Structures are given as structure tokens and as C-alpha cells.
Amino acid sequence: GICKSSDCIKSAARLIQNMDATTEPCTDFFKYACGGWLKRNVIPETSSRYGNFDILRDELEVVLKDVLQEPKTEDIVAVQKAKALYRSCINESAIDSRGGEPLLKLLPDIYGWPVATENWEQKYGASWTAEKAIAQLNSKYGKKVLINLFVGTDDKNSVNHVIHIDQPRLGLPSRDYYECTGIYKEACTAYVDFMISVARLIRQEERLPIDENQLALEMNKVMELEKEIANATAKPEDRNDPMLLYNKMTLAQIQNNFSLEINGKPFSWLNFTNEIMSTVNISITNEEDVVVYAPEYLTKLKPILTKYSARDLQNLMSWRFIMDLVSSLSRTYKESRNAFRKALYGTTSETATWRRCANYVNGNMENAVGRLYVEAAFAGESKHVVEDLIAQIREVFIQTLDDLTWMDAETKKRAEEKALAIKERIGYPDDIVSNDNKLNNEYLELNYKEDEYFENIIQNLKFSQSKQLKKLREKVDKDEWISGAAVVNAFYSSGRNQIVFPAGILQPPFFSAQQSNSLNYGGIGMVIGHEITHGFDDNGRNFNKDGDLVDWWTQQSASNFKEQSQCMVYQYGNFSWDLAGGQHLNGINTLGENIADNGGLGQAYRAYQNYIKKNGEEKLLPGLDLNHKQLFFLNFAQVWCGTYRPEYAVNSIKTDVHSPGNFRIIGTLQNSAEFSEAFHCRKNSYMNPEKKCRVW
């Protein structure tokens, strides 16, 4: 009664090699499921974390290199461009030759970088306007500094676009870093030293005198400024309610309610917006509707900005863009980033050039690269099997609604509506392979030079920014995929009410039409469940079947959601992370993902139980003294095999909305009665606490 197929022995060996049978499954399931893997592996010097996901990503880069490196005769223009972008990226001889020259040429366009410019006030200060300086960086280069103004889908009308105003991203991973003490000390030191290093490289190349003391005085004034901007920013915990975050205002009321005095002006919100929108020849009036996500940040900003000059602000503004370009310049410029990335990521080295380039072209030409990927790596008969698993999981989500005591019939009926309306995307959009003009027209405006990598990167910035800005009066395209196919991940869009399973994640250990169903349901099944549950998490639950931010919950069911969820907030907030220095997880920031993990695995398990009821038991795996219910949980846990570098662990606890892999395993299985049943766990064993959290 044992399976002896090639595909069953491959999976049994992987399961066997990764696990640690000497560990009690009911004491620590991460150690039991992953112990063998952790012992054999060390995180690469170029990696911040390593494990199942990162290994599959590394392997996907191999396939990209194969398809991108060799020109072919019948290659369509779109494919030629991807390959020519790749070739321009991999020629380090050509890049090195140019030094920082392409950046030197760029600086006058952005009002310069005051620290690396002589007489900045006479040269740039004279014309300088906050609304012109911020807009230039925004519209031409996609770099959002001081005020983050973007064109995006209306949360309250999923067919239209709106101008949004939000707090900007910071140079350090999170606002937390700005304390600049203990765990953050090395990151802050390496950040300012990186500002100093680049400023010195530019001065040397521009044949300017270098005063080390004035470099440190000016660069510490940028940190001083960004520390204030960071403290003004709202916490993620104060941004997790989409209904409270959504504030629709006219540009008139923004000018009235959020005044700013920059360089003793004041700030004209209308001039700023038109300075951005004219790039795309769109006229904006004071009767323009704007979604303001950060009203408190805009209020706090007012007394911050009056304190600094045009020179102080532009020193931060240009640094924020320059810090992103340095890695596209010569070795000397690339090297200036060494201590900063080690402090943030723990990595002592950059990834192979061919890997960075394969990723760069995949990120910028997702449909051209996705097409090449699928031909090479993806079997279309998998698409059909995955469609069927999704239909089974959506069904289990609806069936489960009835068993949920914490919701009323009225809210349950609307959750059924949302689930039935979920739009699934499996593998790749057919059009990328079958429609050559469509694929060619999407890149028509791009023209790459093989000796001009920096110009190629700059062209991509302007193009992606023009693409997004032009969407303002345009409607949201229902046929658009939220991800390319050459991606090892899955997604959910609230605004589109859509679940996506790129071809990249549709491979072992997640899925194979030849591996056992216990393994498929525990892998891809759990992942399908996770994406569906995102539609019903603390954020997703706020959007209807059409992707509109509208309340569809009764006061009671909504209060019950919050009550049921709070249990997971405490459970996960109580997990201490040794790699992050004993620090506790953010139970509030990781909530959405934790709901998705717990719901998703339960839904997958019930679908697997229904599969058995209908089809009977599966043939047991060779070399494993585990039944199929146990293999279900073994495979789910192996999806999360991995470890983190201490510096990256310190980063992710603050920036990532997901719990670390080990706690996604421990947390989920602690709440699963089906797990403790399958592993015959004793009451109050570490993996079997009496109190079990449950929302979905």
C-alpha cells in the first residue's frame, strides 16, 4: 500500500532530509519539520534570510538567466528589449568606465545636491521652490520625498483613480531606527557615513575641495531633519483601519486645513499638484478630490519645515534619490553602500550581477520576462488542476460560514457574496504568449542602449511614473494582473477583489499534479486559503465584492471580528524572537497575515478531508512513518523552513507584516485541534495550548 512513483520518492526524500525525527512534534513543530534543513544550511553571504522561499527564488533566477542571455532569431521586439536591458545591466566594464558621470549629469535636473555643489544658493536657491523641487523628484523619477503624492485606485470607487497624499518612506527601514540607540546605532552611523562617502566621491570627481568637518556638519543636519520627519510619521498600528485612513478632501480644503511654510513662502498645494500633473498634461483645479492618508503627519510637518532652509531640505531630498542610484554606478560608488547594507541586512556581499540584472529586467518587463519563463518552466496542465483546487477552497470558505457562531445570518450572506465574486488568476495571462502586438505596445516607448545602463534605469523610472500619472482620468482595467508570472509568491488585491497564483509558486513543495494531495493541500491549498482569507482580514473585510471601501458588517459581527482577532494579537505579541534579540513580535502589525495563515490552513485541511471522503485514502509515502494527515502538516511547515540574519531579523520585526516563518508554523498549529489530533499531542504541550484562537 506504498507509492513508488519517481515524483513520490522525490517528495519523500525532501520531507525526510528537511525534518528532525529526534525532536518531539508536540514540543516544537518548527524544529521537527525543519531541524534537518537548519543543521545542513548556513545563510549565504549575499542573503538576509534563507529557506524554502529564497531557495525557489534563487532557482527561478537560474531560469531567467537562461532565457535572457541568449538572443534568438524569431524574438519579438518586446523580447529583444528585455535581453538588451539584461545585456546593458551585466556589462560592468562599460558601467565602471563612466564612474559617477551619469549621476553628475543628473544632479542639475533635481536642483542639485547642496553638499556636493559649490555656491548652491546662487546656482539653485534663486529659482528653488519646494513645490518645484519635490514635484521634479516625484514626476520624473518616482522619488517621493517630504510629501508623498501619487495616483492610485479610489478605495471608495474601484473603477476610478484619485490623487492620494501620504507621509513619505524614510531612508532607514522604519521610523523606529531614528532612536539611533542600541540595536539601531550601527544603522544610523552607517547611514550618515554613507551620505558622507557619496558626497566625498562626488566632490572628488567634480574636482572640489573636501572639508571632512563640513561634510559631517551638513550630513548630520540631514539625519537631524529625517529624525523629525520620522517622528511626525504615523505608526503602522495607527494606519490599520482603512475606514479611518480614508479622508476625501478637495485641494481647497487641503490648502485651508494643511498650510505649510517652506523657505518662508508659503506652500501652494495647487502649484505642487499641477507641477506633478503637467508632466502628463493634466490640469488640476482647487475643486480636485484628493484622498489624504496622513492628515496628522501634514499638521505635524508645518512646525518642522519652518525650521529648515531650502539648502537643508534639498540635502535630504537629493540624498534620498542618490542613495538609490549609487548601486547603478561604478564599483567605487557601489562600495560606498557596504556598511549600510550590512547594518540593515547583515550581508557582507552583493548578489551575483547576473542575478540582480535578471531581477531588475523581470521587475521592469514582467510580461516579456513572464512569457519567457512560462515557455521554459511552466506546464499549462497545472493551470487546470490549480483552478479546481481554488474552486474547492472557495467552497470550503462558504461552507464554514454556517459553522461560524460569531457572525449573524445577514453578515454571513454578504461574506458569501464577497467570496463568490473573488476573481482568480492562475499561472500567467494567456495574452503574454498569444498576443505579440499587445506585448510589443506595452514597451513601445522604451528604447534601450546596450552601453547605457544608467540611462536605461532612468528611462524606466520616468516611464513607470508617466504610466501611473496618466491613469488619473482613466478607469481601472479589470483585465490587469497584480503580478508577473516569474514570481515565487501569491497575492490578494482588496480593490480588485482578486487572488493571484503566478506560475513561479506552482511547483514543489507547494504543488505538483504528480505529488500526493496531502502535500498539495498543505502547500498550495494553504496558500490559496491565505489569499482568500485576506479578503476577510482586519483590512480586507472593509471592502465589498467590487473592491469598494464600504461597511457590510453589522455592528455586532464587526465587534465580534475584533473580539475573535484580539486573541491572535495576544498570542503572536507573546512570541519572543531570539534572532531579533529577544524582542516580541508586533501582534497588531502581523494580525492580517496571522488571520490569513490560520484561516488558510484550516480551509485547506477541510478541503483535503472532503477530498478523502469523496476519493478514499492515498497511497502512503515510502520511508516515512507518517500517515497523510500528518504529511499535510509536515508539508505546510516545510513551506516555512528558513532562518534570518540578526540584523535582518531586527528589520523585519519592524517592517514586515508577516510573522517570521517559525512563528507562522508554531502560532497556526497551536490554534489547530486537527494538528494535535493528527500528532496525538498531549493537553497543554507546547504545540497544544488549551486556548485556541479562531476567526476564519
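Quick note: we count residues from 1 along the sequence shown, nothing fancier. Rigid core (definition): largest C-alpha set, two forms, superposition within 1.5 Å.
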In 6 other deposited structures of this protein, with the rigid core superposed, the stretch whose C-alphas stray more from the shown form, 198-206 or 121-129, is 121-129
Can you tell me whether 115-123 has a higher mean C-alpha B factor than 423-431 in this record, or the other way round? 115-123
Stretch with the higher entry mean CA B-factor, where the candidates are 256-264 and 95-103: 256-264
From 537, 186, 350, 288, can you pick the one with the highest C-alpha B factor in the entry? 288
Between 182, 508, 616, 525, which one tops the list for Cα B-factor in this entry? 616
Entry-reported Cα temperature factor of residue 16, expressed as the chain third it lands in: lowest
Against its chain's modelled residues, does residue 321's Cα B factor rank lowest, middle or highest third? middle
Ranking every modelled residue in this chain by its Cα temperature factor as given in the entry, which third contains residue 354? lowest
So where's residue 28 on the chain's Cα temperature factor ranking, which third? middle
Please place residue 363 in the lowest, middle or highest third of its chain according to the CA B-factor in the PDB entry. lowest
